[PDB]
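Going down the list, the sequences are from chains A, B, C, D, E, F and G.
Just so we're aligned: 835 in our numbering is position 6 of the first sequence, and the numbers increase by one with no gaps anywhere.
Just so we're aligned: 197 in our numbering is position 38 of the second sequence, and the numbers increase by one with no gaps anywhere.
Just so we're aligned: 22 in our numbering is position 16 of the third sequence, and the numbers increase by one with no gaps anywhere.
Just so we're aligned: 41 in our numbering is position 38 of the fourth sequence, and the numbers increase by one with no gaps anywhere.
Just so we're aligned: 899 in our numbering is position 16 of the fifth sequence, and the numbers increase by one with no gaps anywhere.
Just so we're aligned: 848 in our numbering is position 18 of the sixth sequence, and the numbers increase by one with no gaps anywhere.
Just so we're aligned: 281 in our numbering is position 46 of the seventh sequence, and the numbers increase by one with no gaps anywhere.
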Amino acid sequence: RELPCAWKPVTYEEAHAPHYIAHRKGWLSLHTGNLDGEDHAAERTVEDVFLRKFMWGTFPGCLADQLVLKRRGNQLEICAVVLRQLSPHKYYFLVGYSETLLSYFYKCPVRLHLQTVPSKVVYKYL
Amino acid sequence: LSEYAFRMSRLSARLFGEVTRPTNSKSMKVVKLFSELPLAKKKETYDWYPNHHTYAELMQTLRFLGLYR
Amino acid sequence: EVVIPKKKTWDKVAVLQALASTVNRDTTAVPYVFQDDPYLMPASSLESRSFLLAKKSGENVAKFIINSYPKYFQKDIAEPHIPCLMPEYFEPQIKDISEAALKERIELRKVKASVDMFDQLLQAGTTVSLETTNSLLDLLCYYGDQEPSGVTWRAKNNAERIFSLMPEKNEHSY
Amino acid sequence: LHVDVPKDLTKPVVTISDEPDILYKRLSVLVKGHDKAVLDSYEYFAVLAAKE
Amino acid sequence: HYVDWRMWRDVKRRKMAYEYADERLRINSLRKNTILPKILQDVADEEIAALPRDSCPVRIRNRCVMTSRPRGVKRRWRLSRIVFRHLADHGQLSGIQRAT
Amino acid sequence: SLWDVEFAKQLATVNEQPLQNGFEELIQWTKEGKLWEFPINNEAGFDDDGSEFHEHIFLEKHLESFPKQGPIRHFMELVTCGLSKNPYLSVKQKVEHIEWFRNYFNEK
Amino acid sequence: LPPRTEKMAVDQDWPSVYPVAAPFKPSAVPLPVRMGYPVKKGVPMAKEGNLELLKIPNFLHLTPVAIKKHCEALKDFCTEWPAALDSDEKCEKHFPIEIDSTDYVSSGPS
RNA sequence: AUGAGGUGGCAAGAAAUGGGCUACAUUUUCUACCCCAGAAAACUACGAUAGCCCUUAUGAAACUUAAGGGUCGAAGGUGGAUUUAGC
Ligand SMILES: [Mg+2]
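Laid out in structure tokens, this is it:
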């Protein structure tokens with residue numbers, strides 16, 4: 830009517846700040862490229878960016894929390910956390926689809942490790 | 160130098176495969192040019208970028224097929 | 007006396023086979039094919055079969071996409087090369103009317119194109135070798151004039167006409 | 004498995020070849036990591052395996 | 884479908900340099916010695932010059948592989964400062980942490 | 831023929847079961863060739879066309895057609911000394927370099 | 236439906252549950268492990284949904300029982316060092332030449 | 001003709017105020033040395049990351065950029081008000 834009358838949940842990853850990455854958080858992607866003497870760090874970074882974009886675009890609104898991309902040898906393990914909103918048959922379809930498509934795009938044995946939670950696991954409210 | 164040192168150096172150079180015939184600094188550039196792959200033929204040069212044709216077209220093809228948002 | 011021991015040789019997967027022989031089956035878990043998250047674990051035989059079929063359908067969709075657009079999957083980055091992770095080609099590459107084209111189309115099991123190329127080779131008057139005719143009859147007889155995916159033999163089908171047309175018939179053809 | 008157990012297990016075929024074996028005086032495995040706890044666990048694993 | 888026309892030019896530049904690298908190297912080696920006659924070295928000088936301008940290795944710039952920013956690109960990751968900070972601060976670059 | 835091949839593929843199915851555990855998947859991937867074979871050999875799948883060391887180090891058997899004592903001999907000696915020190919080129923590419931030089935000098 | 240840790244006996248054969256390197260599965264590990272910086276007047280986060288536990292390169296597939304069982308099976312593949320070569324003094328007497336070569340284990344497609 | 005070409009010209013001058021820039025020499029410079037030595041010393045003194053010439057490096061390309069040598073040996077002669085820093 831007149832002026833003087835007038836006058837967010839966060840996950841553990843979201844809650845903590847960038848200056849805690851080696852103190853309270855960890856690294857979502859884990860590989861040997863950045864170690865001293867190792868090579869191909871940029872290729873791994875590009876692969877990581879494409880992996881995250883693809884996984885978020887192929888599981889729209891299903892991913893509760895960020896991906897974790899692990900590499901052992903030439904294996905590529907996508908540990909994802911999703912919700913229980915989508916039907917299990919569609920989850921299996923998408924799992925097989927993504928596994929095959931990423932294996933043939935990167936020429937390595939990709940594998941995917943869905944973990945369903947009932948809902949977002951809030952840590953604080955910011 | 161000496162006679163002896165010159166001959167032993169020129170023989171050890173023949174055993175280990177270095178330049179036998181005496182040469183100068185400017186001419187030694189050929190050995191270096193042919194000992195290392197040129198900068199344009201290194202994989203960090205000609206493959207510096209991701210393709211960006213496959214990456215972008217694939218997303219388009221995936222969306223047209225209704226498998227990607 | 008330094009008695010050097012005799013080297014032991016084993017297959018490339020021998021160590022994994024031994025480690026597998028170390029472990030038994032898990033009594034509290036569904037088969038390894040399914041996900042160990044509770045929500046995605048199957049609850050019934052029908053549900054387990056349905057989940058398996060859904061996974062296989064997703065795999066086949068991915069394979070169809072790969073084979074439809076090899077240009078996006080041609081780039082090789084893995085050393086040693088992995089042939090089983092490259093696209094497969096089903097389209098004949100040889101387009102001229104020649105016996106090699108017929109051999110390639112028989113190799114690819116394209117019944118219709120194979121018989122069509124045999125007709126073209128006959129129309130050109132080129133003598134088709136007995137071996138290629140035998141291969142064509144092998145394809146037609148195995149598949150019964152239909153493309154690869156029972157069929158009842160139909161009189162005067164492609165295989166039968168081709169058999170009748172052969173100048174010389176040996177044991178293999180019969 | 005309480006009752007249902009494998010009756011026999013196909014042990015892998017390791018053949019004693021006719022050729023002589025290689026001899027290694029020393030074998031140094033240097034592992035690099037971004038974490039000290041991971042390297043401690045790996046050291047425990049590797050040492051136990053070598054002892055066994 | 885590259886990031887920019889500027890990047891597309893570099894991709895064109897990087898393509899040509901790879902194709903012409905062997906020819907440039909051999910012709911260059913003729914001119915970088917005090918052995919061959921000056922008559923030949925001058926002939927190569929015209930021949931190396933006539934090779935197409937985009938084939939030369941010096942005209943290639945290390946742009947960001949994601950934003951095509953000409954400067955501020957760390958070569959070890961091929962990423963501009965802004966993109967590196969975004970990924971590094973989210974913990975998406977293995978081993979990278981803010982120093983203390 | 832086709833009949834025997836298809837019969838063998840039918841024989842493949844009678845023991846075609848799903849993977850039973852992780853070791854089984856690793857074994858199948860190893861047989862398929864997808865997984866690396868251990869212990870890691872960084873030169874696995876690369877034999878350098880079966881060349882021996884002496885095809886890489888002694889490249890003066892390809893300088894028989896050049897002048898034997900002039901300045902071109904000195905130049906090609908430098909070229910071959912450089913080429914004998916490449917771990918990044920195969921013998922064929924080194925020979926291609928040498929033959930390009932031969933052709934160029936013949937033209938001039 | 237409940238997690239399958241409820242059915243796990245206290246005297247089970249753990250190596251069979253985690254035969255190979257696998258990510259942390261809270262429905263498969265019968266441990267009440269918690270990980271996270273505890274909140275003001277609170278506790279570290281529980282395992283279900285905990286991304287920190289899922290980011291660890293855990294050694295559940297390598298326990299002492301598992302390692303010993305593996306190393307009792309892998310003895311068939313080993314040979315015996317020549318007993319004559321008791322020390323370096325005899326190694327440098329009978330086998331004077333020493334060849335050093337190195338192998339590299341990274342993670343990647345190539 | 002906001003398109004494509006061609007012919008000529010166009011490559012400025014002076015203060016100021018605003019601020020990143022070398023030495024002015026004796027507790028100095030050169031040599032030996034790495035701290036017990038010998039010389040030179042304010043007009044054959046010191047000093048220039050000033051100018052000019054020539055070589056080398058990298059590159060197709062060097063007045064272009066960098067380094068070295070030679071030439072040169074300029075101002076500089078310690079600069080107030082103010083004023084810049086510090087634990
Ligand atoms: Mg002008």
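Idealized CB from N, CA, C, for every residue including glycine.
- Message: If you reduce the DSSP assignment to three classes, tell me which class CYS908/A lands in.
- Response: strand
- is_contact[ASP338/G, chain F] using C-beta, thresh 8 Å: yes
- Interface positions of the region 7-18 of chain D facing chain C (Cβ-Cβ less than 9 Å), listed along the chain: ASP7, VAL8, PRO9, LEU12, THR13, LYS14, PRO15, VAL16, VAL17 and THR18
- Message: Counting C-beta neighbours from all protein chains within 10 Å, is the total for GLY64/C 16 or more, i.e. buried, or is it exposed?
- Response: buried
- Message: Let me confirm a value: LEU224/B is counted as buried when at least 16 other C-beta atoms fall within 10 Å, else exposed. Which label applies?
- Response: An exposed status is given to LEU224/B, since fewer than 16 other beta-carbon atoms sit within 10 Å of its beta-carbon.
- Neighbour list for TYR180/C in chain A, Cβ cutoff strictly below 9 Å: Going along chain A, no residue has its Cβ under 9 Å from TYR180/C, so there is no contact; the nearest lies around 44 Å.
- Query: So is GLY852/F in contact with chain G if we call contact Cβ pairs under 8 Å?
  - Reply: yes
- Give every residue of the same chain whose Cβ lies closer than 7 Å to the Cβ of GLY36/D, excluding the five residues on either side of it in the sequence, and list them in chain order. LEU42
- Would you list, in chain order, the members of the region 22-43 of chain D that have their beta-carbon closer than 8 Å to a beta-carbon of chain A? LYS35, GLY36 and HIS37
- Is the beta carbon of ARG909/E sitting closer than 8 Å to the one on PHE931/F? yes
- Message: Pop quiz: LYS62/C and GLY925/A are said to be a contact at Cβ under 8 Å. What is the actual Cβ separation, rounded to whole angstroms?
- Response: 7 Å
- From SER341/G, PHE312/G, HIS329/G and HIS296/G, pick the residue whose C-alpha is nearest to that of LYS28/D; which is it? The option with the nearest alpha carbon to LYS28/D is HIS329/G.
- Could you have a look at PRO847/A and say whether DSSP puts it in helix, strand or coil? helix
- Message: I need the DSSP call for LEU320/G, collapsed to helix, strand or coil.
- Response: DSSP places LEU320/G in coil when its eight states are reduced to three.
- Message: Taking the beta strand (DSSP E) that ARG900/A belongs to, which residues open and close that run?
- Response: Taken as a continuous stretch (DSSP letters only), the beta strand (DSSP E) holding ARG900/A covers 892-901.
- Message: Looking only at its chain, what residues have a beta carbon closer than 7 Å to the beta carbon of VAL894/E, apart from the 5 residues adjacent to it on each side?
- Response: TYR885
- Coil, strand or helix - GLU22/D by DSSP: When DSSP states are grouped into helix, strand and coil, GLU22/D belongs to the strand group.
- Item | Sub-8 Å separation of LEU898/A and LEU912/A beta-carbons | In this structure, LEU912/A does not lie closer than 8 Å to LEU898/A by Cβ.
- Rounded Cβ spacing between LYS924/F and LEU908/F (contact assumed at less than 8 Å): 14 Å between Cβ atoms; not a contact.
- Where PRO953/E sits in the DSSP three-state scheme: Collapsing the DSSP output to three states places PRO953/E in coil.
- To the nearest whole angstrom, what separates the beta carbons of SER858/A and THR887/A, a pair I think is in contact under 8 Å? Actually they do not touch by this definition, with Cβ atoms about 18 Å apart.
- Would DSSP call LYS13/C helix, strand or coil? strand
- Message: What does the Cβ neighbour count give for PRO848/F, buried or exposed, with the cut at 16 atoms within 10 Å?
- Response: Counting C-beta atoms within 10 angstroms of its own C-beta, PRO848/F has fewer than 16 neighbours from the protein chains shown and is therefore classed as exposed.
- Task: Closer than 6 Å by C-beta to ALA900/E: which residues in its own chain qualify, once you throw out the five before and the five after it? Chain order, please.
- Result: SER938 and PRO940
- Could you tell me the distance, in whole angstroms, from the CA atom of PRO889/A to the CA atom of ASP43/C? Whole-angstrom Cα-Cα distance: 20 Å.
- Name the DSSP beta bridge partners of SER858/A, please? Per DSSP, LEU898/A.
- Task: Return the residues of the region 900-912 of chain F that lie within a Cβ-Cβ distance of less than 8 Å from chain E, sorted by chain order.
- Result: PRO901, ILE902, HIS904, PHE905, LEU908 and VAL909
- By a C-beta neighbour count over all protein chains shown, 10 Å radius and 16 as the cutoff for buried, is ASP32/C buried or exposed? Answer is buried; the Cβ neighbour count reaches 16.
- Determine, using beta carbons only, whether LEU4/D comes closer than 8 Å to chain C. yes
- Query: Would you report the Cα separation of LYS14/C and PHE868/F, rounded to the nearest angstrom?
  - Reply: 16 Å
- Message: Please list, in chain order, the residues of the region 252-274 of chain G that have any C-beta partner in chain C closer than 7 Å.
- Response: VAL252, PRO254, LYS260, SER262 and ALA263
- Message: Could you compute how far the alpha carbon of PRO173/C sits from the alpha carbon of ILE72/C?
- Response: 44 Å
- Item | residue 951/F versus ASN176/C, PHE40/C, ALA20/C and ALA35/C, residue with shortest Cα-Cα distance | In the structure displayed, chain F extends from 831 to 938; residue 951/F sits before or after that span and is not available.
- Message: Taking the alpha-carbon of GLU22/D as reference, which of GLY131/C, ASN176/C, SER135/C and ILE10/C has the nearest alpha-carbon?
- Response: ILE10/C
- As assigned by DSSP and simplified to three states, the class of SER104/C: Three-state result, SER104/C: coil.
- Message: Less than 8 Å between the C-beta atoms of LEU143/C and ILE168/C, yes or no?
- Response: yes
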